[PDB]
Structures are given as C-alpha cells and as structure tokens.
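Notes to accompany the following structure.
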Amino acid sequence: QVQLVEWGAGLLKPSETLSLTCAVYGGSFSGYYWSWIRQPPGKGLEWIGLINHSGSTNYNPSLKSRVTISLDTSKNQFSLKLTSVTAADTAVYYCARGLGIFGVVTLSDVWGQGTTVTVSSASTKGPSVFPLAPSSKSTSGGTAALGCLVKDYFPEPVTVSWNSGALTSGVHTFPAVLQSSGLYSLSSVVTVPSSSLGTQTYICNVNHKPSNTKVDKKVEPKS
Amino acid sequence: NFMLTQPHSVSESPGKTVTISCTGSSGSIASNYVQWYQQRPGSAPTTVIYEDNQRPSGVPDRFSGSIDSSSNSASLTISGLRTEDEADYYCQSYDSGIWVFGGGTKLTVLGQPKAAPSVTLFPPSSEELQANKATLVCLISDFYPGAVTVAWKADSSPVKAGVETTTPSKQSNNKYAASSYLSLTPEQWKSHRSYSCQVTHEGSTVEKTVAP
C-alpha cells in the first residue's frame with residue numbers, strides 16, 4: 001500500500017518564502033520520480049519541480065526562479081521550497097508518485113492528499129451590505145427579484161436571511177466570491193410576485209461571525 | 001508557453017456516447033502522452049486514460065481515449081454514459097515535464113429537460129454612490145445543466161477587472177443558479193453608457209442591457 005503525505009504551514013504572507021515536504025511510504029526513490037502539483041482556485045493542477053534519488057531536478061519555467069526541490073534519502077522525503085510568494089500562488093499542493101525514465105514520468109499511480117496554503121495579508125473586516133432594486137416593472141414573467149449584496153468582509157462565512165426567515169419563496173443563498181484585494185462578497189435575492197410588490201417590506205439580515213457584523217437593510221422597488 | 005484547455009460543459013443524456021476535448025496551444029501534443037483524470041466532487045484526482053490509450057486496473061474498459069495530431073487535440077470518450085459518471089475531467093500533457101492542466105470539464109447526465117435560463121440584472125443602487133463603490137449584479141437561475149460562462153462589457157467592449165464567477169449550487173427544484181460579479185468604482189459606473197451581462201448556456205445565450 002504505497003502512501004504519501006504532505007505537510008507545512010497553512011497560512012503564508014506576501015513576499016514570504018513557502019516551504020513544504022512530502023513523505024513516502026513503502027518504497028525508495030531509486031528510479032522513482034516525485035512531483036509537486038498545485039490546485040489554483042477553480043483551475044486545474046500544475047507542477048513546479050521534480051527530483052529523483054540522486055538529486056537531479058526539473059523546474060517549471062515560470063516558477064524557475066522561485067523553486068527549490070531537494071531529497072532527503074536517509075529519512076525518505078523530498079521538500080518543496082517556493083520563495084517570493086504572491087497572490088497568484090494560492091493553491092493546495094499535491095505530491096504524487098512517479099515512475100519513468102530519462103526525466104519523464106511514465107507512470108503516476110497514487111497521489112497525495114494535498115495540503116492547504118493560503119496567501120493573503122487581509123485583516124478581518126465587516127461586510128458592506130448593498131440592497132439592489134430591480135426595474136420594478138412587470139417583465140415577461142410575473143417575477144420581481146429584490147435583494148441585498150454583501151461585499152468586503154473577511155473571513156468566511158456569512159449567511160443572509162430574509163424578514164427574519166418569514167419569507168422563503170424566492171430566497172436563494174449563494175457561496176461567496178473572492179476579491180483579489182483580500183476581501184470577499186456574497187449575494188441574496190427574493191423572487192417575489194409582481195403583484196405583491198411595492199408595499200410589502202423586504203429586509204435582509206446579514207451575519208458575519210468573525211467580524212460580529214449584524215446589519216439590517218431594506219430593499220425598495222424603485223425611486 | 002504550452003498550455004491545456006478544457007470545455008466548460010457538455011450536455012448529453014445517459015445511454016449515449018459522449019466526448020471531452022483538450023487542445024494544446026503552443027507546441028504539439030504529439031510530443032508527450034495524454035493522461036485523463038476523473039474527479040468526483042469531494043475526491044482527489046484519479047487516472048482514467050493512461051499512456052494515451054490504456055486504463056488502470058478496476059476501471060471499466062469503456063473509458064477510451066485517443067490522440068489527434070491534426071489539430072493538436074485529445075479526446076476523452078465515455079461509451080456507456082452513466083449517471084454515476086458525474087465528475088471533473090482533466091487532461092494531461094508535458095511541457096518539458098510540466099504537469100499542466102486545462103480549465104476543467106463538467107459533464108452531466110440529462111435526467112431533466114433542457115431549461116432556457118432567465119437572467120436579471122441590477123445596476124448599482126443609489127445608496128452605493130455615497131459609499132464610493134459600484135458593482136453590476138448579474139443573477140441567473142433556473143437552468144440545467146448548471147455551467148455557464150460570463151463576459152462583462154464596458155461600452156460594448158470586453159472587460160475583466162473584477163470577474164468573480166463561483167460554482168452554481170443545488171436549488172430546491174434540482175435546478176442551478178449562476179454567479180458572476182463585476183466589482184467597479186463610482187467613477188467607472190458613470191463613465192460609460194451601456195452595461196450588460198451575458199451567459200453562454202449550452203449553445204444559445206441570453207443577455208440584457210442596463211444603463212446608468
């Protein structure tokens with residue numbers, strides 16, 4: 001049962017160097033290759049550096065100036081070193097098995113579990129609640145969508161309610177989105193009927209436990 | 001600068017045979033093997049196509065792959081498309097050993113009729129000008145399959161300043177709701193004359209225009 005593990009710090013800062021190492025189970029490195037692979041948020045995997053038992057390496061041309069992979073054959077591991085970490089470096093890092101010849105891996109059977117590395121320097125912040133008003137016109141379908149927009153908070157999570165839960169017809173919460181500056185955003189809307197619009201109260205109550213922010217905002221059809 | 005790309009989504013009902021593509025950009029995919037990974041949600045990648053035409057032990061032989069050197073594209077083929085095939089499909093190619101991947105492929109089994117999405121757009125409210133902020137709101141829901149792409153416009157011109165698209169989640173009626181948001185500034189809101197949000201659902205896209 002060939003097994004692999006990775007480890008390291010889960011939080012890194014900008015302009016810092018990132019250090020990892022993966023451990024092997026049930027084997028050696030003699031003609032057994034190893035790769036360090038990462039999952040950018042919402043994107044596919046990509047690799048940075050490899051090594052074999054002797055110590056020869058191949059590097060990612062884009063991350064060549066920031067990669068250093070070394071083997072520790074006595075205790076049977078291999079280390080990832082990523083200097084000068086930037087916002088583009090957010091990912092979860094995977095070490096994988098490799099069999100091959102002449103530098104190219106011809107076999108990747110098992111994969112590591114992957115360790116989480118966060119690259120941000122954003123402090124905790126309270127959401128800026130933003131009600132959104134629709135066109136307030138009877139569209140093709142008799143549906144009126146009213147809601148509030150949540151932005152600029154850190155970290156997760158936030159849940160948005162409606163009329164203290166009284167309204168449930170058009171309520172649809174969402175997962176959060178990532179602002180590149182280090183804050184997050186969310187969304188909430190209610191799909192109320194067009195006939196029942198204008199006079200009924202539509203209020204969302206936002207919750208951000210990390211920032212202890214509780215804000216009540218009222219949504220209006222038009223002005 | 002060799003890179004991999006994968007289609008955003010494909011629609012196909014169970015009982016048919018479906019294909020998944022992955023095309024190189026700068027170089028030739030004939031110079032390295034293609035390896036396909038399947039990623040069921042909440043699971044680590046596992047190989048399905050192996051050395052361009054083989055499969056690992058335990059995977060049914062219906063998972064067939066091929067390499068086309070005419071247009072530098074690779075194909076993932078599933079013959080007996082099953083409801084249990086729902087996963088994330090990735091392709092592999094080597095750029096001097098680079099384990100690069102594409103954008104990802106979401107293949108869904110059709111157990112429901114095709115749904116034409118309805119899109120509602122909300123310009124930044126008046127309470128946002130005093131806060132020195134601005135953001136277009138683009139809400140899409142009630143469509144299946146739930147995988148669309150969004151492109152912002154600024155006076156009928158592409159813009160990617162704050163594209164933040166997150167995955168559609170499950171709804172109450174088994175449908176999905178999209179997400180794509182354009183973060184902006186009050187000076188930029190009044191600077192132009194026409195803002196729109198579009199979603200390319202399958203083959204036809206529906207868009208609306210909002211102006212300040």
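As shown in the structure tokens, the chain order sets the letters A, B, ...; within each chain, residues go from 1, and ligands are also counted from 1 in the order they appear.
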**Request:** Once DSSP has gone over the backbone, tell me which residues of segment 65-148 of chain A are in strand (DSSP E), as JSON, numbers by chain.
**Result:** {"A": [67, 68, 69, 70, 71, 72, 77, 78, 79, 80, 81, 82, 91, 92, 93, 94, 95, 96, 97, 98, 99, 100, 101, 104, 105, 106, 107, 115, 116, 117, 118, 119, 128, 129, 130, 131, 132, 143, 144, 145, 146, 147, 148]}
Same residues, N, CA and C atoms, saved as a short mmCIF file (atom, residue, chain, number, x, y, z; two decimals), in the first residue's frame:
data_model
loop_
_atom_site.label_atom_id
_atom_site.label_comp_id
_atom_site.auth_asym_id
_atom_site.auth_seq_id
_atom_site.Cartn_x
_atom_site.Cartn_y
_atom_site.Cartn_z
N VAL A 67 11.77 28.13 -7.22
CA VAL A 67 11.59 26.73 -6.87
C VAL A 67 12.92 26.14 -6.41
N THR A 68 12.85 25.31 -5.38
CA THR A 68 14.00 24.52 -4.94
C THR A 68 13.46 23.23 -4.34
N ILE A 69 13.69 22.11 -5.02
CA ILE A 69 13.24 20.80 -4.55
C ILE A 69 14.47 19.95 -4.26
N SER A 70 14.54 19.41 -3.04
CA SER A 70 15.67 18.63 -2.58
C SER A 70 15.17 17.34 -1.94
N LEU A 71 15.99 16.30 -2.04
CA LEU A 71 15.65 14.99 -1.49
C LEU A 71 16.45 14.73 -0.22
N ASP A 72 15.81 14.03 0.72
CA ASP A 72 16.44 13.58 1.96
C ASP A 72 16.33 12.06 1.97
N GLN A 77 12.19 11.56 2.32
CA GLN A 77 11.25 12.61 1.93
C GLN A 77 11.84 13.44 0.80
N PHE A 78 11.06 14.42 0.34
CA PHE A 78 11.51 15.42 -0.62
C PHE A 78 10.73 16.70 -0.36
N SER A 79 11.43 17.83 -0.47
CA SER A 79 10.93 19.10 0.03
C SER A 79 10.60 20.06 -1.11
N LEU A 80 9.55 20.86 -0.89
CA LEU A 80 9.17 21.95 -1.78
C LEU A 80 9.59 23.27 -1.13
N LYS A 81 10.23 24.13 -1.91
CA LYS A 81 10.60 25.47 -1.45
C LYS A 81 10.16 26.48 -2.50
N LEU A 82 9.29 27.40 -2.11
CA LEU A 82 8.75 28.41 -3.02
C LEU A 82 9.02 29.79 -2.44
N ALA A 91 -3.25 28.05 -3.71
CA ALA A 91 -3.49 26.69 -4.20
C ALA A 91 -3.40 25.72 -3.03
N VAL A 92 -3.70 24.46 -3.31
CA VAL A 92 -3.42 23.34 -2.41
C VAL A 92 -2.43 22.42 -3.10
N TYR A 93 -1.36 22.07 -2.40
CA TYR A 93 -0.18 21.47 -3.01
C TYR A 93 -0.20 19.96 -2.86
N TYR A 94 0.02 19.26 -3.97
CA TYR A 94 -0.02 17.80 -4.02
C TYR A 94 1.34 17.24 -4.41
N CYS A 95 1.75 16.18 -3.72
CA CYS A 95 2.89 15.36 -4.11
C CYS A 95 2.36 14.03 -4.65
N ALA A 96 2.93 13.58 -5.76
CA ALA A 96 2.41 12.40 -6.44
C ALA A 96 3.55 11.44 -6.74
N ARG A 97 3.19 10.16 -6.85
CA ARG A 97 4.14 9.13 -7.22
C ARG A 97 4.55 9.29 -8.68
N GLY A 98 5.77 8.88 -8.98
CA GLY A 98 6.23 8.91 -10.35
C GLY A 98 7.18 7.79 -10.69
N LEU A 99 6.83 7.04 -11.73
CA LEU A 99 7.71 6.07 -12.35
C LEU A 99 8.00 6.52 -13.78
N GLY A 100 9.24 6.34 -14.20
CA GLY A 100 9.60 6.77 -15.54
C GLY A 100 11.03 6.49 -15.92
N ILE A 101 11.52 7.24 -16.91
CA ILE A 101 12.87 7.06 -17.43
C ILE A 101 13.35 8.36 -18.06
N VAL A 104 11.34 11.84 -17.71
CA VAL A 104 9.91 11.95 -17.99
C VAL A 104 9.21 10.84 -17.21
N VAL A 105 8.15 11.21 -16.49
CA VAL A 105 7.38 10.24 -15.72
C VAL A 105 6.45 9.49 -16.65
N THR A 106 6.60 8.17 -16.69
CA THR A 106 5.72 7.33 -17.50
C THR A 106 4.68 6.61 -16.66
N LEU A 107 4.53 6.97 -15.39
CA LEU A 107 3.59 6.28 -14.51
C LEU A 107 3.30 7.17 -13.31
N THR A 115 -2.04 19.57 0.78
CA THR A 115 -2.06 20.46 1.93
C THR A 115 -2.46 21.86 1.49
N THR A 116 -3.17 22.57 2.36
CA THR A 116 -3.73 23.87 2.04
C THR A 116 -2.75 24.98 2.41
N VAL A 117 -2.49 25.87 1.46
CA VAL A 117 -1.63 27.03 1.67
C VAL A 117 -2.40 28.27 1.25
N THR A 118 -2.50 29.24 2.16
CA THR A 118 -3.22 30.48 1.92
C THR A 118 -2.22 31.62 1.79
N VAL A 119 -2.39 32.45 0.76
CA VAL A 119 -1.54 33.60 0.52
C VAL A 119 -2.42 34.85 0.55
N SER A 128 -20.10 45.23 3.82
CA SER A 128 -20.77 46.45 3.38
C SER A 128 -22.02 46.01 2.63
N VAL A 129 -23.16 46.05 3.31
CA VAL A 129 -24.39 45.49 2.77
C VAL A 129 -24.96 46.43 1.71
N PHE A 130 -25.32 45.86 0.55
CA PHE A 130 -25.80 46.67 -0.56
C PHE A 130 -27.14 46.17 -1.08
N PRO A 131 -28.25 46.81 -0.73
CA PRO A 131 -29.53 46.45 -1.36
C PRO A 131 -29.52 46.76 -2.85
N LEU A 132 -30.18 45.91 -3.63
CA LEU A 132 -30.33 46.09 -5.07
C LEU A 132 -31.80 46.14 -5.43
N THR A 143 -42.38 37.92 -12.12
CA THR A 143 -41.47 37.68 -11.01
C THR A 143 -40.68 38.94 -10.72
N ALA A 144 -40.67 39.36 -9.46
CA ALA A 144 -39.90 40.52 -9.01
C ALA A 144 -38.77 40.05 -8.11
N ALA A 145 -37.53 40.34 -8.52
CA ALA A 145 -36.35 39.90 -7.79
C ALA A 145 -35.78 41.08 -7.01
N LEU A 146 -35.84 40.99 -5.68
CA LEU A 146 -35.30 42.02 -4.80
C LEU A 146 -34.29 41.38 -3.86
N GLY A 147 -33.22 42.11 -3.55
CA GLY A 147 -32.19 41.52 -2.72
C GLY A 147 -31.18 42.54 -2.25
N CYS A 148 -30.23 42.05 -1.47
CA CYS A 148 -29.12 42.84 -0.97
C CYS A 148 -27.81 42.15 -1.30
#
**Asked** Taking only C-alpha atoms into account, which residues of chain B are within 6 Å of chain A, as a VMD selection string?
**Response** chain B and resid 98 to 103 122 125 164
Could you save the residues just selected, with C-alpha atoms, as a short mmCIF file (atom, residue, chain, number, x, y, z; two decimals), in the first residue's frame?
data_model
loop_
_atom_site.label_atom_id
_atom_site.label_comp_id
_atom_site.auth_asym_id
_atom_site.auth_seq_id
_atom_site.Cartn_x
_atom_site.Cartn_y
_atom_site.Cartn_z
CA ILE B 98 5.28 20.27 -16.80
CA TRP B 99 2.23 18.62 -15.23
CA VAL B 100 -0.08 21.30 -16.64
CA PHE B 101 -3.87 21.00 -16.75
CA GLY B 102 -6.79 22.60 -18.54
CA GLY B 103 -9.67 24.66 -17.22
CA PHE B 122 -29.31 45.17 -11.33
CA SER B 125 -28.17 51.21 -6.31
CA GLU B 164 -15.61 36.63 -9.85
#
**Prompt:** Excluding same-chain residues fewer than 2 positions from residue 139 of chain B, what lies within 10 Å of it counting only C-alpha atoms, as an MDAnalysis selection string?
**Reply:** (chainID A and resid 145 187:189) or (chainID B and resid 118:122 136:137 141 177:181 197)
Those selected residues, please, written with C-alpha atoms and delivered as a CSV table (one decimal), in the first residue's frame.
chain,number,residue,atom,x,y,z
A,145,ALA,CA,-36.3,39.9,-7.8
A,187,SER,CA,-25.4,37.6,-2.8
A,188,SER,CA,-29.0,37.2,-1.7
A,189,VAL,CA,-32.3,37.8,-3.6
B,118,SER,CA,-33.6,33.7,-17.3
B,119,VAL,CA,-31.2,36.5,-16.4
B,120,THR,CA,-32.0,39.5,-14.2
B,121,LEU,CA,-29.5,42.5,-14.0
B,122,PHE,CA,-29.3,45.2,-11.3
B,136,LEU,CA,-23.1,45.3,-11.5
B,137,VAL,CA,-25.3,42.5,-10.3
B,141,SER,CA,-31.1,30.8,-12.2
B,177,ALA,CA,-28.1,29.4,-10.1
B,178,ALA,CA,-25.1,31.1,-11.6
B,179,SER,CA,-22.8,33.7,-10.2
B,180,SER,CA,-20.7,36.4,-11.9
B,181,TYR,CA,-20.0,39.8,-10.4
B,197,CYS,CA,-24.2,40.6,-18.6
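Residue neighbourhood of residue 60 of chain B, excluding near-sequence residues (fewer than 5 positions): residues 48, 49, 54, 55, 78, 79, 80, 81, 82 and 85 of chain B, at 12 Å, using only C-alpha atoms.
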**Message:** List as JSON, numbers by chain the protein and nucleic acid residues near residue 201 of chain B, meaning an atom at most 9 Å away when only C-alpha atoms are counted, but skip any in the same chain fewer than 2 places from it.
**Reply:** {"B": [116, 117, 143, 144, 145, 146, 147, 148, 149, 199, 203, 204, 205, 206]}
**Message:** Neighbouring residues of segment 203-220 of chain A were defined as those with any atom within 6 Å, considering only C-alpha atoms; residues of the same chain fewer than 6 positions away were excluded. Please report them as a ChimeraX atom specification.
**Reply:** /A:125-126,131,133,158-163
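Closest approach to residue 63 of chain A among A:169, A:84, A:120, A:3: A:84, based on only C-alpha atoms.
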